[PDB]
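Enquirer: here is the sequence, then the experimental structure:
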Amino acid sequence: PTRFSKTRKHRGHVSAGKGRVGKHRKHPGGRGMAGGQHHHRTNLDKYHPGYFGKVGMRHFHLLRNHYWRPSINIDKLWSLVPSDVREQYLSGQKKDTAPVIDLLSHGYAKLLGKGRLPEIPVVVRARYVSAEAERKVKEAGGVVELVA
Amino acid sequence: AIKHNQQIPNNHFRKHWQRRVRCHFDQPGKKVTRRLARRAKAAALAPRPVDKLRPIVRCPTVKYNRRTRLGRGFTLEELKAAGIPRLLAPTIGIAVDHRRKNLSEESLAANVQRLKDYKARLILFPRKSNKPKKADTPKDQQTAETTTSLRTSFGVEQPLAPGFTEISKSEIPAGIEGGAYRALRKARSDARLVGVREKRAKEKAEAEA
RNA sequence: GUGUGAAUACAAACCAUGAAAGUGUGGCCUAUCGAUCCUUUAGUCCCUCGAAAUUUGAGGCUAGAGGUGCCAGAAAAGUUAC
RNA sequence: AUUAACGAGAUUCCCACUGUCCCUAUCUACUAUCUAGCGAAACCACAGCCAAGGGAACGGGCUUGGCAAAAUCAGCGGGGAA
RNA sequence: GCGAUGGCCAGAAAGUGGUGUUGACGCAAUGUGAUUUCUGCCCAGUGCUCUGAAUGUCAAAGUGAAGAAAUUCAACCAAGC
RNA sequence: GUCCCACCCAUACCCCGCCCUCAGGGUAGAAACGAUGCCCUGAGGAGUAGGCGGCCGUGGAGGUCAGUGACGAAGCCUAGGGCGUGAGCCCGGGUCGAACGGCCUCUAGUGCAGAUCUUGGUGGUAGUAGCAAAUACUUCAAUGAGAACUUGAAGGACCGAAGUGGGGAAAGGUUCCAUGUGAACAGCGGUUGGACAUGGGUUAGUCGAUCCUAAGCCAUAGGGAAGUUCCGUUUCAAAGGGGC
RNA sequence: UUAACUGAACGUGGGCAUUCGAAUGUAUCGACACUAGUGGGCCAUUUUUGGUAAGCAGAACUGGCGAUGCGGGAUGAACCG
RNA sequence: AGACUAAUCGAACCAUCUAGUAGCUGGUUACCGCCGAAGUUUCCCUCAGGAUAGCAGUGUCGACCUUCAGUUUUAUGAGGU
RNA sequence: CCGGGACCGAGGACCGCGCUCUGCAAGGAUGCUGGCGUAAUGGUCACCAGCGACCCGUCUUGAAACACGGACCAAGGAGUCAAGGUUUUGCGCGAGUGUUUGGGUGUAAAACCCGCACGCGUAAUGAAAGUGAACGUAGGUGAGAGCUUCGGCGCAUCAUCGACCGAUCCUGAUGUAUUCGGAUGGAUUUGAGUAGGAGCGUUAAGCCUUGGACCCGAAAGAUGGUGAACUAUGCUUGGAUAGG
RNA sequence: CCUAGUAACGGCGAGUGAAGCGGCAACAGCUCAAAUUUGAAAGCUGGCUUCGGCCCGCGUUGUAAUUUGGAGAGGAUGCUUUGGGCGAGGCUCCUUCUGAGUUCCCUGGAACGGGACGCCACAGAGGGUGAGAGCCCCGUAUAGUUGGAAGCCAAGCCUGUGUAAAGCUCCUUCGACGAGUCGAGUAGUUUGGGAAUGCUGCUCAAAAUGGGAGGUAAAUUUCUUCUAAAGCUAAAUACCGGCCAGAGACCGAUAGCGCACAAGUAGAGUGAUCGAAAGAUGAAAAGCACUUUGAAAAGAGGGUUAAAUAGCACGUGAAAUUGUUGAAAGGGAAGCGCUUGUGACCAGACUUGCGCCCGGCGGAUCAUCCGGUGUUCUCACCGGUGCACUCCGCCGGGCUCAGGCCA
């Protein structure tokens, strides 16, 4: 909508808000990133520290599929089971049956352990598992088994 | 000419981009054209289904390894197991692929069953009405409800494994002796030293002799 | 209150000197000097060459040297009275 | 370094001649001038009398004084920093 | 400067051209500027030109040695300097 | 030079009225209110470059005024009126002849004195500068609305055979001849005209082109070039014409 | 750290307002986000450098013109109110 | 003679790439209300130009925090005109 | 304590403070009277009179300038659009969020419906192989709006001391493919981390970059074509120039 | 669409920049060289022919059948498969036909305007007719109907048949497979391709479980995956150049293409090429008969028209500049701001209102009660009953209060 913008309020005022002494010429200072090391250095060092240089070794023909392994913490583990079944276990009505969770079917490969776990035995099937996560699930009566 | 705290711009707009711009104002007009072609094609193939039969295939990469999808055609070994001639298959709606192989036995068994029941659901009209043949339908069961999509009626039933399973207590197995975390570390370092260990052991055998 | 130069006070090691308390992190104090990219040497015994091994070769991480004196650092000779 | 002949080449002197000059005067033809018919262009913020002062340090316009009477024709080259 | 298998010059190339229907009293490239009388000393510098015993310098290819190879190291070595 | 009385005036100071900005309060057992409203109280107002807020107009789109109009819509003229601080809105009179507004949202090729700005139109200068090379005109009669520059006769002059004479090449293209004529053109006039209107006019065995070659140009045989094409003209070619 | 519960910092508990311990004001308290113009200046009192001097060149504290009318200096961007 | 090559020559004329680039001149369209500047610091083949800090506006939140001050008094230090 | 003169009249039932107290000068002007009821008061336009008043736009420390542009009138005439960022305002859902590449359907470029993948977010750190977030009611101390049984509990946020994960430098237990393995405990080190999630889509404004980029403007550079009717040189074929 | 502004390149400066996987639209596969028909060149261009065939030629330095790596050949073995002819019916193209007022009155030159009364509608899109028309006219919506031409698809029927050719299951054994090519060195160009991604020039020049690739050069040993140096083929995709059609929050004659008009025209240049200006009388020309002045152009009367304030210089006709008439001012500029005066012209406002008393005229109906209905449940309406000191309207007289301007 152009009916309400600052260009409509500049009608009748010479120089259109750009100043008299400095007249808004074509391209003072250069085009793009010109002067990075010569006259725009002061801005390019207060911000963006690290533009210039080389770091690390290079990799030819990287395929990102080799490095696919999303991770999930342990405190969100119980959110994977459906709500109707979930409330039965926490309320304490089953008492003789344990769930077997398949992380791969939900799109995970590594089971990290960050929070706390309630004292109900479970079975987790994961491609990878952390050292701290294995201990917490084991002291709750459960077991973790690699699945590939 | 940067002036404030900004993100460094990279806009590839220095060639003559204005000469090659492809606006899409014919999105709804094109859609009408395709729908006119499908229903025109369906009329030509009056009793036949529009599509063709496809086999079940697993994706080829470690990521997407879990999911399954439709393929291109049945291998020559799958057709032989189900007792279908090679030349007769393409003419009754079956698609054949001659450059695929059955490395495992799990994939072979799944596709054979998927192709065997299709043969039972097929109605085959005779070439000449006055003289039917042995493999033709005897004209008594030619009148039945038919399907035309054959992609929804024969799609993948379930691509992924069930989300979870529920088993009784005291049936939970025992883990690896060392543990899950330590089983991975040992397996990683064993492959690193497979060369150093083998030659050190081997040279000892010649050293003693 | 960015960089370079130079300067002050401690911490953890190893030493010199003196009987000992102590003193010593260059010249009694105020000047005496140098980025990115590239090359070269010392160090650990370390990581990678992406189908799998073993030796050459090459590539990485940390500290010095080769230099810009227009010294916060382009590679550069004249004439026009047509 | 000299040099006969030749030159719409540069320079100095002598004889003849003359309004170049002392020092200006007169005559003739075609214009300028008046009339009938025909009939343009440059230029132009608004305009058009002076003296001093101050001011962007040389005013037609400001301040203090001089002053100041319709409408007009032929010449002129001080000014309009024309 | 040049005796034709040549000197000067044109063209992207050509079984292509100019001088040339030409041959040293000829063709081509420069400086001085009728006649008379003359035209001195300097080869250190910058150019041009000549003579290769000299080994000084020295490319690609080729030869020899080490190594499992990539590769490295040696002699020899045209013109020019 | 020093001292003392009275008196004159700034957009400055004091009191009062009105406008706007800012800050602080009151208003529901609602007899209640464009609650974005109303009432009470206090202080302040200069401004280039620049920032923000509120409003007025122009061309189109959706909704709504059961909107105005051939008994006169839009447009234009008007030292005739009313409203607003202002951009602007409304009405009276004259001319004319077919479409046009108010209110809330949407949308943009949306507001001019300048840029030696673009296109078109018009002034002062101005009835002014000027229409002065090539020796020069005069009397009578006729035509006609009208004669210095139309026609006849008689005088006076110039070009003076390397001519202002008589014929051609290049170039022009009907300008040639007759009859007639309002405007325009012939830098004055015009009955006259190389202008305007209507008709007519260019005859070859002997004069030219047609034939032959010169400097030169282009095909053929062949060779270059990715190619448009470059070279080659007797060249490393099986190349012709005469009689019964 | 000291011969040493001897010190050192940080602590628990308790005591001290009857008056929280100079004047005046508080017509303006703290923090954060985004961005415009500007980066040629000039004049005056006191101090002051080069120069014979300048309506000349160069500095320190503060007030002004630029960005601003009004009343006085007849006139006059900077002087007085 | 830098002379001539269609009034054009110290490198002809016509169309296109082309709306060629400019730290340099010129222009930039209605009204009212409130606030209101800078010519200075550091770096740059930088000195007619840019980045950086400063001055300025608008949008806010935390409390109405009782905190503050281009000022005076009292106690106590430094200086070399 | 008594005179004289000038300017003003805001407000619109009662309420209050008081006095000289059948009342009043005490929270803002009323009473009596005369002429005229239209051009009389008032408003517009033209002219004379007193005082004041240099030409606009622009660059500049300084413009009425002997600094530049401007004879006059009518119409045209200059911060726009797309992609990618960023902060702030409104709106939907919320550990999630986004239908429209595509399919179904339709009164047909409108409207309505459906889902597999995928994008951003939920986990960081190293060059890399790799590893990967609770001693405590998710900690201790000093301030904090609000609540409270009056004892206290204390959001957001500010400062400070600690705990955990990754990297760097030390230490090297139990074990053993006797060279592999890396527990435990430290260190004036280091990170865009954890410590009871805040994000995704859309609307509007300011700002940034590349694009013709607010409008008009060079002296040059490159690709492809057309000219010897002027003039310069040469070739083939013609012509012309008294008398001493 | 995503991967992705990612891996990578780059005075590692300014800058540049792909691919695999994944979802969808559309889907379709194949024929040559290398083998002896060898118990029979079984193949083909051309000419003549009555239509049955004949003749010359090409060709053994290789014309048909058979085979193409998915195989296949050669052997075993039992089953199965295969031609022709009719054909309803349906779909494309052109062409015949389609509902309702000129009813009545007013303004007007002319109703298509205003008022009253009607009808049609699977048709209220658009245009014309003397002004805004569903019913005056062409068309518009719906399925049918008259006639004709040529191609497709296809329900279902009628007849031959194994000399031949084809499919399937197993096997001891065989199993031919593209050369100045691949590859290597060097040079130039190019790419995101980095001890060198593709292309091209020159030198050297292969092999039979052989060869290429596996994104870091080299040697030794394993592994995965395809089969190069011969060839064909629909759909999903691009485009307004050519022939047509339907539309718009686009422009409205200095705009929109240079061109709404006898526009790539007139015109300029030796030439390549450059390139404009210009729409509108009225419903209908009904485009002014006749008289008179003048040499003529034209003028004055008189005519057509609703209008000549529409006369082929024509709808509406602004500003700059000019003429006539009226008013006013002027001693080397004019214009302008504050405040009176004179002259001309002019908008408002006022010209009564309410109440009371007396008198006169006219009407039905004030309090009260009964019945019905509504509603805010206690407030109202209608019908009846009233019947003159009540109520209402008008007129005449008297009185109080207020109301315009300047003092």
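Expert: Yes, it's here. Numbers count the residues shown, from 1 in each chain, chains lettered A, B, ... in the order given.
Enquirer: how much space separates residue A:77 from residue A:108?
Expert: Distance from residue A:77 to residue A:108, counting by Cβ to Cβ, to the nearest Å: 10 Å. Heads up, the C-betas are built off the backbone N, CA and C, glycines and all.
Enquirer: and what about residue B:36, helix, strand or coil?
Expert: Of the three states, residue B:36 takes helix according to DSSP: H, G, I helix; E, B strand; the rest coil.
Enquirer: and the strands in chain A, which stretches?
Expert: In chain A, the strands defined using DSSP state E lie at A:71-72, A:97-102, A:110-111, A:123-126, A:128-129, A:143-146.
Enquirer: partner strands of the first one and their direction?
Expert: Translated: strand A:71-72. strand A:110-111 (parallel) (DSSP bridges).
Enquirer: do the same with the fifth one
Expert: Partners of strand A:128-129 in the sheet, by DSSP bridges, are strand A:110-111 (parallel).
Enquirer: give me the neighbour count for residue A:111.
Expert: Residue A:111: 24 surrounding residues under other Cβ atoms under 10 Å in any protein chain shown.
Enquirer: residue B:172 too?
Expert: When neighbours are defined as other Cβ under 10 Å, residue B:172 has 17 of them.
Enquirer: against residue B:151, how distant is it?
Expert: 42 Å.
Enquirer: wait, doesn't residue A:134 sit right on residue B:183?
Expert: No: look at residue A:134 against residue B:183 with Cβ atoms under 8 Å: they stay out of range, at 10.2 Å.
Enquirer: so for the two, which sits in the more crowded spot?
Expert: More crowded of residue A:134 and residue B:183, by other Cβ under 10 Å: residue A:134, with 22 against 16.
Enquirer: for whichever strand or helix holds residue B:200, what is the distance to the chain centroid?
Expert: Taking DSSP states H and E as the criterion, residue B:200 maps to helix B:194-208. Relative to its parent chain, helix B:194-208 has a centroid offset of 47 Å by Cα atoms, centre = their mean, to the nearest Å.
Enquirer: tell me what it is packed against?
Expert: Contact partners of helix B:194-208 among helices and strands, from 3 or more Cβ pairs under 8 Å, 6 or more residues apart in numbering or on different chains; DSSP states H and E: none.
Enquirer: in the biggest strand by length in chain B, what counts as buried?
Expert: Identified as the longest strand of chain B according to DSSP E is strand B:164-168. Neighbour-count burial for strand B:164-168, counted by 16 or more other Cβ atoms under 10 Å in any protein chain shown, picks out residue B:164.
Enquirer: again, but for stretch A:91-106
Expert: Of the residues in stretch A:91-106, those buried (16+ other Cβ under 10 Å) are A:98-104.
Enquirer: would you mind listing what in chain A touches RNA strand J?
Expert: For chain A, the contact set with RNA strand J under Cβ under 7 Å from any atom of the strand comprises A:31-34, A:36-37, A:51-54, A:58-65.
Enquirer: what about 6 Å?
Expert: Counting by Cβ under 6 Å from any atom of the strand, chain A comes close to RNA strand J at A:32-34, A:36, A:52, A:54, A:58-64.
Enquirer: would you mind giving those residues as CSV with neighbour count and distance to RNA strand H added?
Expert: Shown next, in CSV, are those (neighbours: other Cβ atoms under 10 Å in any protein chain shown; distance: Cβ to the nearest atom of the strand, whole Å):
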residue, neighbour count, distance to RNA strand H
A:32, 13, 12
A:33, 14, 12
A:34, 13, 9
A:36, 17, 10
A:52, 8, 15
A:54, 6, 24
A:58, 6, 32
A:59, 6, 35
A:60, 4, 38
A:61, 4, 38
A:62, 8, 36
A:63, 7, 41
A:64, 7, 37
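Enquirer: those residues: which two are farthest apart?
Expert: For the residues of chain A next to RNA strand J, the farthest-apart pair by Cβ to Cβ is A:34 and A:63; their separation is 37.1 Å.
Enquirer: return the residues in contact with the residue of chain A at minimum distance from RNA strand J.
Expert: In chain A, the residue that lies nearest RNA strand J is residue A:32 (2.7 Å; Cβ to the nearest atom of the strand). For residue A:32, the contacting residues are B:1, B:9, by Cβ atoms under 8 Å, 6 or more residues apart in numbering or on different chains.
Enquirer: mind doing that once more with 7 Å?
Expert: Residue A:32 sits next to no residue when contact means Cβ atoms under 7 Å, 6 or more residues apart in numbering or on different chains.
Enquirer: near RNA strand C, which residues of chain A?
Expert: Residues of chain A lying near RNA strand C by Cβ under 6 Å from any atom of the strand: A:45, A:52-57, A:59-60.
Enquirer: quick check: closest non-adjacent residue to residue 122.
Expert: Reading this off chain A. Leaving aside its sequence neighbours, residue A:122 sits nearest to residue A:142 (Cβ to Cβ, 6 or more residues apart in numbering or on different chains; 4.4 Å).
Enquirer: could you do chain B instead?
Expert: Excluding the flanking residues, the one nearest residue B:122 by Cβ to Cβ, 6+ apart is residue B:92, at 6.8 Å.
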